[PDB]
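First, one chain by itself in C-alpha cells, the form deposited in one PDB entry.
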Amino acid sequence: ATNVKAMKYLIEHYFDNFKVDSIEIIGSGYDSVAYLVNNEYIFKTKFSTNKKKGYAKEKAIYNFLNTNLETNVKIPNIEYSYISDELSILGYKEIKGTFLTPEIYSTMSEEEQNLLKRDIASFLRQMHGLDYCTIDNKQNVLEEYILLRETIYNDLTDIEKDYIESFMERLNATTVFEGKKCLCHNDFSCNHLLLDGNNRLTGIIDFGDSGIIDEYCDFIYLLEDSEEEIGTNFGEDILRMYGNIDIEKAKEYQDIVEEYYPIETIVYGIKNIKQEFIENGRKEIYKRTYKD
C-alpha cells in the first residue's frame, strides 16, 4: 500500500492534470515496477539504476516504431514520460489481452498455433526489415569479462573459472555474430506477447532492451526449452516461416547466450552490488557443470 501511494503521488506531481483514481501493481522486474492506473494506463517506473539513459532509449524506440511499423499488432505508445538519473517513468495505454504461456498454447488447435506462429514471424520480419541504438553483444561480453577480471575473478573457484574461460573460448571461436544486424526487440519471450480472444497475437510489450543487434537475437527465447517458454519446435517453425535465416546458427546463438546466463547473473550482481546474484550465478555454474 505504501509503494502505490508514493507512485500515485509522483504521477500526479509530474503529470499535472493527471488524476489517479485507481492504481495497482501489475508487474515488476528486478529493477523496476509497473502499475495499472485507472484500469486504463500502464506506468513503468524505475529509480536510480545502472542504465541511467535507459527509459530514454526505450521511449525513442517506441516513438520510432509507432512512426514506422505498419502492423495490426499493438505496442506501447508513450503518452507520459519523465526521465532523470534518479527516476524514470513511462506511461502508455495498457495493451489488452492475455499473455502467451505454454499452458495456453497447448489448448490451442493446430490451426490456431499456426496462425500465431505466422503472426510472430510476420511481426519480426517487418521489424527486422526496417531501415534503422546499436548493441554489440560480443564486445559487451568482453567488457563484462574485463570487469570480472578487475573484481572477483581471482576469488572464484577453479570450476567457476573454467566455466567462464571455456565460454570465452567458445565466444572467440564462434561466427554467429558476423551476420545480419537489424532492429530487434531483444527480449522476445512469451511473457511479452499478448493474445486476443481468438488466440491471435494482438500486442507486444517491453522493448526496453531493444536495439540494432544480430538478427538471431529475436529467436533466442522462441528456441528455448524451459517451463516458461513454449519449446524448441515452436521457435524452429517460426524460423521456417520467417525465412532466409540459418536455423543452425540461430540455435548456436541461443545455446551460447544460454551458456552465458550464469555469468551475466554474476556480472549483474557485481554492477548492482547485489551479492545474492553473484551467489546464484556461481551456484548455477556448478549445477550446469554436473548435469550429465
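Just so we're on the same page, rigid core means the largest C-alpha set that superposes within 1.5 Å between forms. In case it trips you up, residue 1 is the first one in the sequence shown, and so on.
In at least a third of the other PDB entries of this protein that model the residues around it, residue 52 has no coordinates.
The entry shows an unbroken chain from residue 105 to residue 106, with no unmodelled residues of the deposited sequence in between. Relative to its counterpart among 111-119 and 81-89, 81-89 has the higher mean temperature factor, C-alpha atoms as listed in the PDB entry. The mean Cα B-factor in the deposited entry runs higher for 70-78 than for the other of 70-78 and 204-212. When the C-alpha B factors of 136, 144, 160, 218 are read from the deposited coordinates, the top value falls at 136.
In the deposited entry, the Cα temperature factor of residue 40 sits in the top third of values across the chain's modelled residues.
Per the PDB record, residue ranking by Cα B-factor puts residue 187 in the lowest third of the chain. Sort the modelled residues of the chain by CA B factor and residue 16 lands in the highest third. Sorting the modelled residues of the chain by their CA temperature factor places residue 30 in the highest third. Among all modelled residues in its chain, residue 63 ranks in the highest third by Cα B-factor.
A second form of this protein, the form deposited in another entry, is not displayed here; the remarks below concern that form.
Core-based superposition between this form and the one not shown leaves all of 252, 258, 31, 225 but one with CA shifts under 2 Å; the exception is 31. After superposition on the rigid core, the Cα atom of residue 49 is displaced by 2 Å or more between this form and the one not shown.
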